[PDB]
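Below you'll find the structure, written out as structure tokens, and then a few comments.
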Amino acid sequence: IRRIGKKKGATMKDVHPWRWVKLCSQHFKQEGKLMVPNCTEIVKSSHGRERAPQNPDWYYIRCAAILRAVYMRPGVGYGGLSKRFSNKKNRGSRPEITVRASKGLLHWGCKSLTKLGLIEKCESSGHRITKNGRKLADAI
Amino acid sequence: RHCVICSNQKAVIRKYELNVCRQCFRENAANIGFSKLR
Amino acid sequence: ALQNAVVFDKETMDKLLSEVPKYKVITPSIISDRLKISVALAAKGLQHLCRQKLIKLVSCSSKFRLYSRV
Amino acid sequence: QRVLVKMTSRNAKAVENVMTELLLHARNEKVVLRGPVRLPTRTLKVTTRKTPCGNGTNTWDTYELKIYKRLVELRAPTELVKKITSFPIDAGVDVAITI
Amino acid sequence: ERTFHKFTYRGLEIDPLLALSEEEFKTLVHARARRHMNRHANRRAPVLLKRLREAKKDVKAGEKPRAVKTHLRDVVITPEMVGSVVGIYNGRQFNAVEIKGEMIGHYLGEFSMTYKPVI
Amino acid sequence: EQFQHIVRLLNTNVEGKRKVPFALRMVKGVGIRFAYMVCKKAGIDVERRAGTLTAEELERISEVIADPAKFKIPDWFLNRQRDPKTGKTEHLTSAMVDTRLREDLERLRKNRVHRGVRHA
RNA sequence: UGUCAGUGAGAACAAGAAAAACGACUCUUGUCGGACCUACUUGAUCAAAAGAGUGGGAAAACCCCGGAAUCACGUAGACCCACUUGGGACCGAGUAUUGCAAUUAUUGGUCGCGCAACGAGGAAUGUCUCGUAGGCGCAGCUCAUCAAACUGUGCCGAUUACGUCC
């Protein structure tokens with residue numbers, strides 16, 4: 001492993017591959033974007049970036065944790081049931097992305113459902129995160 | 001469900017860990033090896 | 001000044017530029033405690049002025065940041 | 001492969017008479033003896049209302065069992081295992097295994 | 001004949017509905033109806049279900065077909081043999097006057113009281 | 001001149017806000033429908049609703065509301081689906097609410113049993 | 001509601017405890033696998049609910065035996081001092097799941113109504129001094145099926161007092 005948490009994985013490993021991936025297309029954009037991504041919304045899926053805060057991160061989780069997928073990988077999914085029926089709030093996940101995200105890894109920086117690196121492209125291209133921000137970073 | 005050491009089916013059936021001893025209460029009907037110490 | 005305001009207007013922005021350096025401590029809150037526009041885009045209003053150096057940023061952070069007269 | 005002996009019992013001082021004492025017979029005598037330290041001891045906890053009616057202070061109990069699982073290991077006895085498992089007869093719920 | 005109804009039920013009048021079978025009916029209608037029909041297919045009662053058709057054949061009344069009562073509140077109202085009138089079970093009430101059209105795919109029960117709310 | 005301004009959409013004044021979907025809910029909709037917002041030809045948010053027929057192109061939005069089945073957009077967001085006397089109806093708004101209700105206001109409330117009488 | 005704060009995203013990270021076996025099939029000179037869970041993949045060239053196949057376990061094996069809430073976050077997110085984008089309770093339409101039988105039983109689901117209540121709430125009154133109070137989540141329990149309940153484990157974790165007897 002190598003990916004995530006070596007550059008600050010929370011907010012300084014995300015925006016940089018995001019820019020690069022939208023600038024030249026790579027990952028899935030399949031219809032289903034509008035549909036509920038996180039439990040019991042009263043709003044739309046998000047204000048902007050419906051399924052473009054997702055894809056590399058959903059590779060990252062499975063990478064460093066070795067073959068967490070489809071039921072384990074929603075482990076680092078979310079759901080609080082933040083609106084509820086006046087009972088004690090409980091955790092959930094929405095399966096929608098699981099299918100698409102186990103498809104993903106066969107292209108771009110990972111190989112297979114057993115081996116999750118190639119040259120580990122994301123790491124190498126993320127070495128310029130530290131050097132210079134692309135967001136006007138506070139710490140750079 | 002139903003019980004096998006009564007036929008009452010009411011006054012509550014234990015089926016926890018595959019035993020019934022609450023249609024004949026376990027305080028009265030001990031020697032199952034349980035003890036209370038804490 | 002006036003109590004309610006979504007608005008983008010000539011007056012809005014022209015007033016803004018004069019009022020911002022007046023205070024010794026500038027936050028998104030106090031600009032909408034003048035009430036000229038809502039707290040919401042009052043935030044953005046300060047950012048892209050501070051970026052052009054009408055203000056001094058204090059915190060290495062945004063949102064719950066504060067600012068000062070430059 | 002290597003044969004192991006797990007002895008599962010409700011009570012201590014039944015299993016004790018098995019492991020310590022009667023493994024001496026298999027210690028280097030016919031096979032070699034690798035002692036680890038026995039597996040974690042489960043509790044079976046049950047909670048029973050004391051009162052047989054709805055008027056009390058709504059009291060309850062805590063009843064517990066110990067489950068002692070005593071594991072010691074050997075290095076491949078075959079046909080010798082017959083001796084090993086015929087040794088305890090000293091208490092009920094003494095059960096032994098062979099791989 | 002001696003049955004009088006109006007449906008207009010998913011755009012379908014009396015004629016198209018009784019042309020369709022119960023099998024094709026449930027593909028249109030309620031989640032409930034599907035499950036009941038599927039698992040009740042083996043036996044729905046021979047003679048009760050018979051008598052609902054039999055009373056239709058009978059004549060010399062303009063009144064809806066009179067048919068033997070039920071103790072069952074669990075039986076569906078089918079598109080076929082509709083307007084067949086039975087005493088819907090309750091321990092005080094039997095109603096022949098809560099069987100009308102626009103009740104297909106709905107239970108025979110959910111009727112004949114069970115409480116009289118007062119005050 | 002504007003830039004928070006009342007809007008007639010059911011011939012009913014509803015005041016603007018500085019967010020489009022949130023204000024639009026008063027017209028008989030909700031957020032989760034207005035993921036159609038992206039395809040309503042102003043997917044932008046943090047925008048006035050005095051922006052009607054200028055930067056919102058109101059007429060566009062008012063088509064999506066009425067039939068989203070002309071558009072390709074997923075019809076899992078429909079308010080009514082496969083009614084008991086008709087097919088699907090794409091939305092619930094205005095007088096079109098009342099129509100469906102009345103039919104089942106006589107039927108439903110008949111029901112007798114525990115929960116039946118509670119609904120009655 | 002501004003002391004999760006309301007809808008969005010991402011990060012790091014927990015502990016007891018539950019589970020399996022039918023004279024039902026097959027197997028022989030005296031007899032083996034199906035009512036438990038979880039893994040993995042199809043379930044997205046197009047939703048959720050939900051379908052099915054492969055794989056392991058009698059548990060320190062169950063895939064890392066243990067994870068997503070309280071929390072962290074300026075990613076320069078969105079809302080922003082309103083009964084709203086704060087809250088749900090009523091109400092109608094659809095569908096799948098469970099079962100010997102459902103009659104909102106189903107409910108982890110869609111999407112309406114929210115502009116229905118209610119703005120810390122008179123008199124009165126409850127109980128705790130430390131890892132406690134308070135806040136938060138998970139499992140067990142009951143058992144066709146449902147936990148705002150009960151029982152147990154864990155997480156975040158104070159203010160005041162340490163006195164008197166009115």
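Residue numbering restarts at 1 for every chain of the structure tokens, chains are lettered A, B, ... in their displayed order, and ligands are numbered from 1 as they appear.
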Note to self: Need to verify the contact set: residue 4 of chain C, 12 Å, only C-alpha atoms (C1' of nucleotides), exclusion of same-chain residues closer than 6 positions in sequence. Can you return it as a PyMOL selection string?
What the structure shows: (chain C and resi 12+32-39) or (chain F and resi 3-4+17-18)
Next item on the list: Find the spatial neighbours of residue 154 of chain G, counting only C-alpha atoms (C1' of nucleotides), within a cut-off of 9 Å - ignore same-chain residues fewer than 2 positions away - and output them as a PyMOL selection string.
Entry: chain G and resi 14-16+137-138
Check: Could you name the residues that touch segment 37-45 of chain E at 9 Å or less, counting only C-alpha atoms (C1' of nucleotides), but leaving out those on the same chain fewer than 2 positions away, as a ChimeraX atom specification?
Finding: /E:22-23,26,32-35,47-50,75-76
Output for the residues just chosen: N, CA, C and O atoms as a PDB file, in the first residue's frame:
ATOM      1  N   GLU E  22     -57.596 -13.975 -13.905  1.00  0.00           N
ATOM      2  CA  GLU E  22     -57.102 -13.551 -12.610  1.00  0.00           C
ATOM      3  C   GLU E  22     -55.600 -13.368 -12.633  1.00  0.00           C
ATOM      4  O   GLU E  22     -55.056 -12.481 -11.978  1.00  0.00           O
ATOM      5  N   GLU E  23     -54.911 -14.217 -13.431  1.00  0.00           N
ATOM      6  CA  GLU E  23     -53.488 -14.207 -13.666  1.00  0.00           C
ATOM      7  C   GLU E  23     -53.014 -12.910 -14.280  1.00  0.00           C
ATOM      8  O   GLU E  23     -51.974 -12.378 -13.896  1.00  0.00           O
ATOM      9  N   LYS E  26     -53.620  -9.542 -11.890  1.00  0.00           N
ATOM     10  CA  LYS E  26     -52.742  -9.224 -10.787  1.00  0.00           C
ATOM     11  C   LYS E  26     -51.476  -8.547 -11.234  1.00  0.00           C
ATOM     12  O   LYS E  26     -50.822  -7.881 -10.435  1.00  0.00           O
ATOM     13  N   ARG E  32     -50.407  -6.397  -2.991  1.00  0.00           N
ATOM     14  CA  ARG E  32     -51.152  -7.249  -2.098  1.00  0.00           C
ATOM     15  C   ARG E  32     -51.774  -8.387  -2.862  1.00  0.00           C
ATOM     16  O   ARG E  32     -51.511  -9.552  -2.571  1.00  0.00           O
ATOM     17  N   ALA E  33     -52.584  -8.041  -3.893  1.00  0.00           N
ATOM     18  CA  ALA E  33     -53.357  -8.942  -4.718  1.00  0.00           C
ATOM     19  C   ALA E  33     -52.527 -10.037  -5.336  1.00  0.00           C
ATOM     20  O   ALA E  33     -52.931 -11.197  -5.301  1.00  0.00           O
ATOM     21  N   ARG E  34     -51.349  -9.682  -5.924  1.00  0.00           N
ATOM     22  CA  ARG E  34     -50.351 -10.606  -6.437  1.00  0.00           C
ATOM     23  C   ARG E  34     -50.010 -11.724  -5.490  1.00  0.00           C
ATOM     24  O   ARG E  34     -50.051 -12.892  -5.871  1.00  0.00           O
ATOM     25  N   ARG E  35     -49.719 -11.370  -4.216  1.00  0.00           N
ATOM     26  CA  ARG E  35     -49.224 -12.280  -3.214  1.00  0.00           C
ATOM     27  C   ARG E  35     -50.316 -13.225  -2.805  1.00  0.00           C
ATOM     28  O   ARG E  35     -50.071 -14.420  -2.657  1.00  0.00           O
ATOM     29  N   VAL E  47     -66.561 -24.801  -3.123  1.00  0.00           N
ATOM     30  CA  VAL E  47     -68.003 -24.697  -3.120  1.00  0.00           C
ATOM     31  C   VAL E  47     -68.423 -23.269  -2.918  1.00  0.00           C
ATOM     32  O   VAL E  47     -69.360 -22.823  -3.574  1.00  0.00           O
ATOM     33  N   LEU E  48     -67.762 -22.504  -2.012  1.00  0.00           N
ATOM     34  CA  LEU E  48     -68.006 -21.078  -1.856  1.00  0.00           C
ATOM     35  C   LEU E  48     -67.834 -20.341  -3.170  1.00  0.00           C
ATOM     36  O   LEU E  48     -68.753 -19.664  -3.629  1.00  0.00           O
ATOM     37  N   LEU E  49     -66.640 -20.485  -3.795  1.00  0.00           N
ATOM     38  CA  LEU E  49     -66.285 -19.938  -5.086  1.00  0.00           C
ATOM     39  C   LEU E  49     -67.214 -20.371  -6.200  1.00  0.00           C
ATOM     40  O   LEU E  49     -67.538 -19.576  -7.080  1.00  0.00           O
ATOM     41  N   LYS E  50     -67.663 -21.655  -6.177  1.00  0.00           N
ATOM     42  CA  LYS E  50     -68.685 -22.215  -7.041  1.00  0.00           C
ATOM     43  C   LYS E  50     -69.965 -21.442  -6.923  1.00  0.00           C
ATOM     44  O   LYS E  50     -70.422 -20.894  -7.918  1.00  0.00           O
ATOM     45  N   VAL E  75     -60.604 -13.206   1.977  1.00  0.00           N
ATOM     46  CA  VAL E  75     -60.719 -13.607   0.594  1.00  0.00           C
ATOM     47  C   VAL E  75     -60.783 -12.360  -0.246  1.00  0.00           C
ATOM     48  O   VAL E  75     -61.413 -11.376   0.134  1.00  0.00           O
ATOM     49  N   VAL E  76     -60.077 -12.368  -1.406  1.00  0.00           N
ATOM     50  CA  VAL E  76     -60.068 -11.267  -2.345  1.00  0.00           C
ATOM     51  C   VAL E  76     -61.375 -11.204  -3.095  1.00  0.00           C
ATOM     52  O   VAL E  76     -62.107 -12.188  -3.183  1.00  0.00           O
TER      53      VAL E  76
END
Note to self: Using only C-alpha atoms and a cut-off of 8 Å, which residues of chain A sit close to chain F? Please list them as a PyMOL selection string.
What the structure shows: chain A and resi 34+41-45+47
For the residues selected in the previous step, produce a file with N, CA, C and O atoms as an mmCIF file, in the first residue's frame.
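Result written to again34.cif:
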data_model
loop_
_atom_site.group_PDB
_atom_site.id
_atom_site.type_symbol
_atom_site.label_atom_id
_atom_site.label_comp_id
_atom_site.auth_asym_id
_atom_site.auth_seq_id
_atom_site.Cartn_x
_atom_site.Cartn_y
_atom_site.Cartn_z
ATOM 1 N N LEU A 34 -28.373 11.330 -9.913
ATOM 2 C CA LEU A 34 -29.427 12.063 -9.260
ATOM 3 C C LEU A 34 -29.959 11.330 -8.053
ATOM 4 O O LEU A 34 -30.348 11.957 -7.068
ATOM 5 N N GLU A 41 -32.022 11.683 2.597
ATOM 6 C CA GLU A 41 -31.930 13.050 2.151
ATOM 7 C C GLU A 41 -33.300 13.654 1.995
ATOM 8 O O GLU A 41 -34.274 12.946 1.742
ATOM 9 N N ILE A 42 -33.387 14.995 2.158
ATOM 10 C CA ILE A 42 -34.585 15.764 1.907
ATOM 11 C C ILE A 42 -34.263 16.703 0.765
ATOM 12 O O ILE A 42 -35.127 17.420 0.265
ATOM 13 N N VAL A 43 -32.992 16.673 0.300
ATOM 14 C CA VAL A 43 -32.438 17.528 -0.719
ATOM 15 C C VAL A 43 -32.054 16.632 -1.861
ATOM 16 O O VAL A 43 -32.279 15.425 -1.818
ATOM 17 N N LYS A 44 -31.472 17.221 -2.936
ATOM 18 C CA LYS A 44 -30.844 16.491 -4.011
ATOM 19 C C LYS A 44 -29.539 15.900 -3.543
ATOM 20 O O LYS A 44 -29.121 16.118 -2.407
ATOM 21 N N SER A 45 -28.883 15.090 -4.409
ATOM 22 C CA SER A 45 -27.717 14.298 -4.079
ATOM 23 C C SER A 45 -26.571 15.120 -3.532
ATOM 24 O O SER A 45 -25.987 14.753 -2.514
ATOM 25 N N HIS A 47 -25.048 19.654 -3.922
ATOM 26 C CA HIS A 47 -25.168 20.964 -4.522
ATOM 27 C C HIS A 47 -24.438 20.993 -5.843
ATOM 28 O O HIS A 47 -24.934 21.545 -6.823
#
Margin query: Env of residue 7 of chain F: 12 Å cut, atoms = only C-alpha atoms (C1' of nucleotides), seq-sep filter 3 positions within chain, self excluded. Answer as a count of residues only.
Written below: 23
Next item on the list: May I have the residues within 12 Å of residue 96 of chain F as a count of residues only, using only C-alpha atoms (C1' of nucleotides) and disregarding those fewer than 2 positions away in the same chain?
Entry: 17
Margin query: Please identify the strand (DSSP E) residues within chain D (assignment by DSSP from backbone atoms) and present them as a PyMOL selection string.
Written below: chain D and resi 4-9+33-34+43-46+63-66+68-74
